[PDB]
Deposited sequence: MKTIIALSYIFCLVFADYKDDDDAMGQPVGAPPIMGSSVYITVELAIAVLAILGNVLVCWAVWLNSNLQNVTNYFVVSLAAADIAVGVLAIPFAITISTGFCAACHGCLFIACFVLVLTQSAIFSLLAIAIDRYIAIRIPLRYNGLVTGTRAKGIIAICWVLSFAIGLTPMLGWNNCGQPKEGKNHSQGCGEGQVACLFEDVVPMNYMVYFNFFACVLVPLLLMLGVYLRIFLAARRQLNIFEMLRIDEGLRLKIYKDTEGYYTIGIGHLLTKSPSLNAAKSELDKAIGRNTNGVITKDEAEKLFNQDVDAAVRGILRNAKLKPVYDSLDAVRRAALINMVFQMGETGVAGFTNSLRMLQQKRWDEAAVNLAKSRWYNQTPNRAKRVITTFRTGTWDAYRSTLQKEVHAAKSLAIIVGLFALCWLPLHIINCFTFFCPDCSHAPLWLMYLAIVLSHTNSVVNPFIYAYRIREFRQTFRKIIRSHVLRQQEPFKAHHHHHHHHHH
């Protein structure tokens, strides 16, 4: 085993793997339209970046390890590309994470704030900013045996540490991690929230934090809390302040929406109790099943719920399974099956299972970010930690050599693992990949 021959061979194996693993991703999305959401637009960009490292950044990172003599700007150029090609991969990961953040926490505005048009504009940013940082030394932030105007072509020789540590590390690689981490937790915390009536109707009707026009052009906020039928947005905003009790500018917090929602629930219940046909059924239900009945009122109305004479009878007799089947035959179930299905299950079980199941999609995304952040940090932290010690403790006992180059190997391993791992974990790709493998191979 010659020391570095091993190192180069790994880098080349990564090149192939990086290329191959990434050639697949962009290919799948090409022929399957289910994978042509705005999100996979971000994916194809990352995949392409990770292809570019396999062809140019890898051979460059390798050729920066020989020490041949060449113009400082000609050897800096090479080190700058490998920097640039990697900056993009870092920022491209942000595009995916933040996209997954809004899709989970703010699903309504997703299509509004996240259009296929805008997305392509955000990638343009990620790529330009990558150039801005990687090519900073070429602007003048550099460090310039062999002859005049020729240095030993070595990374540290041409790239100072005050750039790698202060600017590159903290501003370009670290704040991703801290950001990408914040995404993981806040998504994670959303998938594991304690369930209740408020969250229940947030899933069926959707939560709104800014005033919006309902389906009939009446200003509404929260979960279907109408403000006024007046055609004046200023009038609607005024009414909001009356209920909130402060200056809102047309915007409220999540807690304020829950106080409006709670007031609305208290109102629906008082109406149910006035109904000679709904009060007997309402009293004979436990807390969770009462939330299911309130859900039907918030959708149809008391007189509309009262129409279910038979299904209301079985409920008071606690014939849960029998009431469910009868509710399945209603026009209400036929016009909105998804919501009615979750509501019926709540009647059957008296639990939040049907809605808890709705969050399985959330935890899938959470577990999928644990991996991206874990690998990303595992692959990037080592090499940069090494840079820091060299910069702050020159006289220290440097870490072992063979290990140093491994850290370099880890940084490049990110390009092949990170994009493919996200795709392969979301099965729609898996079926698409196998389809390609058998058909063309």
Completion exercise
Check: deposited residues absent from the model (no CA) fall at 1-33, 178-188, 486-504
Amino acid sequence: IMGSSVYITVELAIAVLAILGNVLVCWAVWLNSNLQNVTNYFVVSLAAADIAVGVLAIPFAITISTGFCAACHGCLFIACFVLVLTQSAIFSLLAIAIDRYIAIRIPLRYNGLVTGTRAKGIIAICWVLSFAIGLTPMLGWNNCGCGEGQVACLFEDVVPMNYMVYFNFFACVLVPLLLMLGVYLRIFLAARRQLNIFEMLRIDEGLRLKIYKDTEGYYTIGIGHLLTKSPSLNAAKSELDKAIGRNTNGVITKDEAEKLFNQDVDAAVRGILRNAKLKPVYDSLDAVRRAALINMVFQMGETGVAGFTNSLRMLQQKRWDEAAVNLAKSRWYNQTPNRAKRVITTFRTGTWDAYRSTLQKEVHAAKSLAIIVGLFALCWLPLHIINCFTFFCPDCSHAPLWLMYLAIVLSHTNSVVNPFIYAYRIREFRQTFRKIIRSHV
From here on, numbers count along this sequence of modelled residues.
Handout entry: Mean C-alpha B-factor comparison - 111-119 and 191-199, higher one
Key = 111-119
Handout entry: Highest recorded Cα temperature factor - choice among 57, 64, 375, 416
Key = 416
Exercise for the section: Compare the CA B factors listed in the entry for 301, 350, 280, 222 and report the winner. Expected result: 280
Practice task
For residue 42, return the chain-relative third of its C-alpha B-factor as stated in the PDB record: lowest, middle or highest.
Solution key: middle
Handout entry: Among modelled residues of the same chain, the CA temperature factor third for residue 383
Key = middle
Exercise for the section: Ordered by C-alpha B-factor within the chain, which third holds residue 141? Give me lowest, middle or highest, please. Expected result: highest
Fill in the blank from the handout: Among the modelled residues of its chain, the C-alpha B-factor of residue 423 falls in the third labelled middle
Practice task
Ordered by C-alpha B-factor within the chain, which third holds residue 338? Give me lowest, middle or highest, please.
Solution key: lowest
